[PDB]
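Data block below; observations after.
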Amino acid sequence: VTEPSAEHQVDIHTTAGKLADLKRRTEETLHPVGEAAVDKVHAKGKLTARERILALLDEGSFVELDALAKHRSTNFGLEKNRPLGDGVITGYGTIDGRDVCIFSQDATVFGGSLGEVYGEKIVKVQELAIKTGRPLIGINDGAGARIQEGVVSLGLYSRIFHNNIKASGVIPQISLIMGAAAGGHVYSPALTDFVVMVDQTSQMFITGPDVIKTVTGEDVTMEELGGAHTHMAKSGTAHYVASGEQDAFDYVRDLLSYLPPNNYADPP
Amino acid sequence: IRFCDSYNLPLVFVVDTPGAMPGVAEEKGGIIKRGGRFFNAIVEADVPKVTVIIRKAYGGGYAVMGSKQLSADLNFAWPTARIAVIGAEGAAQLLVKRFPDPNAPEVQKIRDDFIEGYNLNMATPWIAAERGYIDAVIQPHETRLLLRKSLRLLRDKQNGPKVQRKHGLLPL
Amino acid sequence: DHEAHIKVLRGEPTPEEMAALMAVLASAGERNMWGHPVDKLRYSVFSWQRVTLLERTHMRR
Amino acid sequence: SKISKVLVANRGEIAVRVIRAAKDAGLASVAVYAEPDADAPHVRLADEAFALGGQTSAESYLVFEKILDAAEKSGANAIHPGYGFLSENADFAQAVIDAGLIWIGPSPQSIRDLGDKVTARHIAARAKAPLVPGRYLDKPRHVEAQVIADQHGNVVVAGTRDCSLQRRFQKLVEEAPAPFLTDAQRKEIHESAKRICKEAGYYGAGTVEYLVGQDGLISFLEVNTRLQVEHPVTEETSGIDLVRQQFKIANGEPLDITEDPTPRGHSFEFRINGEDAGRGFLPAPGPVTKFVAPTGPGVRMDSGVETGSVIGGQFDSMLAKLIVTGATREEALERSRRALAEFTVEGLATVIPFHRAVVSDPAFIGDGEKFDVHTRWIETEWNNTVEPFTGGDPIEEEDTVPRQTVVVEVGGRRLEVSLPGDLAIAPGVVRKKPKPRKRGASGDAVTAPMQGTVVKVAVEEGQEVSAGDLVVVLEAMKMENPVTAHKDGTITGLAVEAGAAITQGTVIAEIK
Amino acid sequence: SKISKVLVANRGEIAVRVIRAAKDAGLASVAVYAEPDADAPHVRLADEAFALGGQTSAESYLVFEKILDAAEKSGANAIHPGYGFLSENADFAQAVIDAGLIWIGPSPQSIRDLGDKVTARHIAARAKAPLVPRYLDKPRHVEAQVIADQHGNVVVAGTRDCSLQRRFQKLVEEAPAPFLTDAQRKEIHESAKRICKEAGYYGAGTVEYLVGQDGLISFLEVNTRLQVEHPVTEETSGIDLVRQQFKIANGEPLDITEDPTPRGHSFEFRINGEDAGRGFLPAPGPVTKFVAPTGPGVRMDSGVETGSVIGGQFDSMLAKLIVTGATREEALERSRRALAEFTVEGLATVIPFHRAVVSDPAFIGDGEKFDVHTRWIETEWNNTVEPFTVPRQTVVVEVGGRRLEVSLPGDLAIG
Amino acid sequence: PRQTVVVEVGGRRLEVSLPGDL
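What follows is the structure, given as structure tokens:
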């Protein structure tokens, strides 16, 4: 029985077929919510979570971790939609030849909302950064806890915070805010050493305009509430407001160029 | 392991094992206690630990050959890897096959179909990858450069938190 | 001789051009542990890093 | 009937060549590919491609039922057999006709008759071919006559070829027309070919092959019924498109060509096999990390691989054919010297260095009225200067030092210079001769020395064997690799069986 | 008195072609390059290469003193000017002879005469070349490839059709010229010998003519160079025209003694970096993928390869595809294949136009005539094509009797 | 100023004068 080349797949019962299967799954990780979502993101002129890492790091230095991870929640039918990576891309990479650990949250997957495996992946990269004594870069773009998963999300946020605390004053921690960081997402940047934001497009807010409106009558746009300008001039959480993603990455490489890898290494 | 740790040699584990050898001479020879020593040594060791799973890694073999549990630092598998509590033959011979009385060609094909399912859905790396027990599934040719990058990252590993003591204790 | 030499992969210079090339290329080509950061870190009395960082710094040569 | 849609079944170069001929015909073309060939150029080039299964040729391309299934599924109405597998398999040709497909080739009757060595001798006698008397030939020259024949019995001798540069009775370099032959010899060979073909009742393209003794005695050697891999030097000198001519014949049309075309100039062909000529002409698998074709005046390439191809150990080593043509044999050699100077192939060993060598050798240049080459000259008289392939492997201590390559302009001369990364013109780095990636034994395991297929198993379970006794034969790249017992003892475990694909280091058996 | 080392004075395809011819002759091949061409293949194919400096033809390649400087530095005993640039500069030819190098080409006087329309027409009339008084409404362009000799032997290697033109730029060319009557062929051939013998040209060149629907041959011009279209005649008649030029410049008399009989038919297709869908506007850009057609009937000459960055400073042409067959229709079929196999990525090319015209019934003649003419692309072809969508350091060093520039990359972690 | 150096190439003596500031 022969087949057209469009249908045929090498026999999974062979080493070559298993390797081909790995290639298929890897490819499938590049567009875990389908190519349409990536097209919809580029149409707005924004990089994806993968492209942001590949742009920030040195070329080819990125080694991805937990690429094939899938969530395990069965609440409210989530078992029907289990995108690869659970919506965060994680690994380690050199910047200017010096190793750093990195994570980058993907807004296309459940709005970037933090869930179980998503949190476990961030935790793993944090632990690796602390044990190795290398800077940690967080690229943040998610709206809150994934309310479908519930309390799990809050426990993982607690774990992430605790790791950021342990890391505080040990390794340089740099947060890039690249979209609407809402809810618990905001507190990890606040614990990290430097906050870089992208002027018109990043936001940080704990309570959203809808709830502000409901409780106070004050009606406010996200940009007024928690835009980069607001957090620079009024609140003062933000250390840099970049004209764009590339400028932000440049600023982060500058900061790293001044910072040592750890509290005991000799500086550059 | 303990020698390498005392002289700061990183540990690279290349795994291809069904685990412990079942038998009476092994049991009478102390396989439980020796394996306990191996379990202890691999967690005592503070050096960078990296693992490459080649084909089967079952049971205590998966555990002691630098799982992420027992605190190996980076875990890679080739796509041929097979991570499970037991191989397909053992799982079938244990749970499935003992319900029939006969070695009939019924049980022969039912067993072969169970093997067929288990070697795909269970004794494959994808569960471990989904759960993040291994960190990556990699094409084999990657391995040399990937080890270089991994050990370069882990070169300055400081292990902890550990509580200082006179010494650990080892099944002896 | 196992030294790594320069190698003119392509073309031949005359001796005068080789002399110019080589002249141009040639013309182009203690412990003090006092206040080391590891002393400045604050350790728990039982912290393993007292072995694996602090001694492994002070003793290391 | 007429060809409207072809299916080919061959890999690499000849699949590409027949796809190209079909497109020149405007015929739709269907490729079939084994599991290793999913990336090969012919799979992309054909108008569609159908998967064959299995790793080996014996699984993928030798199975009649898979090719006939693919012809049915693709709706192809004709079959082209290519060089290797089924072009003389009369049983396949019969099953094809039994399918109602057009067989682009000779009748199964004539395939079987000329394949039978004794029947072929009888036919030659009946044709009054020049038969070698008796005699053995000590330094024979291997000549040949490309034939075209329609189903109506018109036969044309499209030209001669010289194929005398051989190893293991397998050709490396060939040239057309056969040089330094008397007109009497040429006329003899032409007449003989036409007679043998009509007497055999042959139609389709085919080649009659002869040996020339040092005394000029022509002898008919064999008929090969299938466009031989060397047809290009005939196409280039004669100007014929021999594959289209196969199409025109298979359509049942009479030959256009009324009389034997006069050759223009001369042409050489060089087989770019993936074989290390610095070792014993041994085929080796590997990646094609770079492939840049010779280009420009008088140069044709027919190539089965591209940059990023992988040649596995399961199929013939022939990567490409380089064909070079000129107004005279002298000019053709000059152009060949250029083309082979321009050729670069990287990531696996090729015979390109041997081609470069031989096109410079007086024994093959000749005195202008004869040359010394004969069918054993490569094995017995060519001084093999070629050094073994090593690629980039660092082998001496100085090779381990990183190197930066720069372009330097000195008086305008574009020099290119490699600068060592530590030259005094790494605080505690040591350089020493790196050890080869080789296992430098007493162990019980018999292990496979390379990847291949297990074409024969010699031992039986529980047999006792002695050091040097045969255990298995591995086919690798259609070369026999007998694997033998390293110590005396009993075969006490045995995993292999005939036809199994086998990877390097596989434990074949345990001798205890 | 004999060539031993040729400096080829151009870039691109003609540089590659002459370097190759010199390697076939066993001559030493010297190239020269402008800075935008320092990567280009001919610099790496030649046995020796010299920088010219500067960014433009007027800086790099047209400066006589630079080309003669590089000839002196290389010890090249002969100059080959290729085509274009200085190939028709009689003053440069004279300068080279003053320099005592072999000038591989026609005499300065021959260039200076045949380049001037007045004495060109005088020589044509004297020679009794066909020369209609009149206008040609759909003229077809046909030219004779001359191989002349210093001894005054002449061979006409072949009649060539170059009638697919835009703004007099040729794009598809054929040999032998099709659908001519044998009387027209004879008239052209004899006219070419007469006119070139009278002009005294001794080197390879082409005599162009126009043919009207009246069938009247009219002389146009003599190019005085081995013109870019030569490969079609090389594939048709087997003569290696560059090696013939080397022989002539050696002054060895022609060994070819009669007009070589065409083997068959050939077409040349120029691969310009021009956007046929965009009025053939040139556009610069990177050649991020280049994959020539290959195998039966194809010859490829290319000045570029994958990763070449093309700029507006020089000729827009990248490569030439030549396709040969026994018959016109076979050659067209093979062309229709080869142009489908040809992939170029990252810049606009005329390949889509070749795919069209080799498929167009105006160009696929009925077997007795075809409808194409030197205005056909502009005025009659349906243009259906979808339009296409740090510095190096230098040090000045004296050494003995010489002063030299030495140049290094803009940064250098030497040692 | 120039800096002058004496280089031996295969034993052939050559003088070289190069910029006093490379």
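Chains H, F, E, A, B and C, in that order, are what the protein sequence lines are.
Counting in the authors' numbering, the first sequence runs from 4 upward without gaps.
Counting in the authors' numbering, the second sequence runs from 346 upward without gaps.
If you use the authors' numbering, the third sequence corresponds to residues 25 to 53, 63 to 94, in order.
If you use the authors' numbering, the fourth sequence corresponds to residues 7 to 140, 208 to 498, 506 to 520, 527 to 598, in order.
If you use the authors' numbering, the fifth sequence corresponds to residues 7 to 139, 208 to 463, 474 to 499, in order.
Counting in the authors' numbering, the sixth sequence runs from 475 upward without gaps.
C-beta atoms are modelled at their ideal positions from N, C-alpha and C, and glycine is treated no differently.
Pick from the options that is closest to residue i, judged by C-alpha positions
| i | options | result |
| --- | --- | --- |
| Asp235 of chain A | A:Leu492, A:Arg127, A:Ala249 | A:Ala249 |
| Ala52 of chain B | A:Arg487, A:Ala126, A:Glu550, A:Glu566 | A:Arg487 |
| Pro461 of chain A | A:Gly439, A:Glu442, A:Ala422 | A:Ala422 |
| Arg94 of chain E | E:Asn65, E:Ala44, E:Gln82 | E:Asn65 |
| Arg17 of chain A | A:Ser7, A:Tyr39, A:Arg26, A:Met374 | A:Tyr39 |
| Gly420 of chain A | A:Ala571, A:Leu413, A:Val378 | A:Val378 |
| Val532 of chain A | A:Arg26, A:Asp574, A:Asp329, A:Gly371 | A:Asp574 |
| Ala130 of chain B | B:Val22, B:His304, B:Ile291 | B:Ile291 |
| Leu392 of chain A | A:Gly60, A:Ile588, A:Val302 | A:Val302 |
| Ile345 of chain B | B:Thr62, B:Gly274, B:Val424, B:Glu407 | B:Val424 |
| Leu254 of chain B | B:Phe444, B:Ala350, B:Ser491 | B:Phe444 |
| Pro305 of chain B | B:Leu294, B:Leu284, B:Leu395 | B:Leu395 |
Bridge partners - residue i, DSSP secondary structure assignment
| i | result |
| --- | --- |
| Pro7 of chain H | A:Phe56 |
| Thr398 of chain B | B:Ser340 |
| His215 of chain B | B:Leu284 |
| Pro568 of chain A | A:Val559 |
| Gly368 of chain F | According to DSSP, which records beta bridges pairwise, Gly368 of chain F is partnered with nothing at all. |
| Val12 of chain A | A:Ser35, A:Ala84 |
| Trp109 of chain A | A:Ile85 |
CB contact check: residue i to chain F, cutoff 8 Å
| i | result |
| --- | --- |
| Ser80 of chain E | yes |
| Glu6 of chain H | no |
| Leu86 of chain E | yes |
Contact with chain E by residue i, beta-carbon distance below 8 Å
| i | result |
| --- | --- |
| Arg476 of chain C | no |
| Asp314 of chain A | no |
Span separating the alpha-carbon of residue i from that of residue j
| i | j | result |
| --- | --- | --- |
| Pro475 of chain B | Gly386 of chain B | 20 Å |
| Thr29 of chain H | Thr469 of chain F | 16 Å |
| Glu38 of chain H | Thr51 of chain H | 11 Å |
| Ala430 of chain B | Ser93 of chain A | 38 Å |
| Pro112 of chain B | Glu404 of chain B | 37 Å |
| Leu68 of chain A | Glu470 of chain A | 49 Å |
| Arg476 of chain F | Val112 of chain H | 18 Å |
Proximity of residue i and residue j at Cβ, strictly below 8 Å
| i | j | result |
| --- | --- | --- |
| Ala47 of chain E | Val296 of chain B | no |
| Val459 of chain A | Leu238 of chain A | no |
| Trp81 of chain E | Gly381 of chain F | no |
| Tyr407 of chain F | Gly432 of chain F | no |
| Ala553 of chain A | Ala571 of chain A | yes |
Any chain B beta carbon closer than 8 Å to residue i
| i | result |
| --- | --- |
| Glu295 of chain A | no |
Residue-level contact to chain H via CB, residue i, 8 Å cutoff
| i | result |
| --- | --- |
| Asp75 of chain A | yes |
| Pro39 of chain E | no |
| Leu74 of chain E | yes |
Proximity test, Cβ basis, 8 Å: residue i and chain A
| i | result |
| --- | --- |
| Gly53 of chain E | yes |
| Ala47 of chain E | no |
8 Å Cβ cutoff, residue i in contact with chain C
| i | result |
| --- | --- |
| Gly484 of chain B | yes |
| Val481 of chain B | yes |
heavy atom of the ligand NAD below 7 Å from residue i C-beta
| i | result |
| --- | --- |
| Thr368 of chain B | Absent from the structure shown: the ligand NAD. Ligands present: none. |
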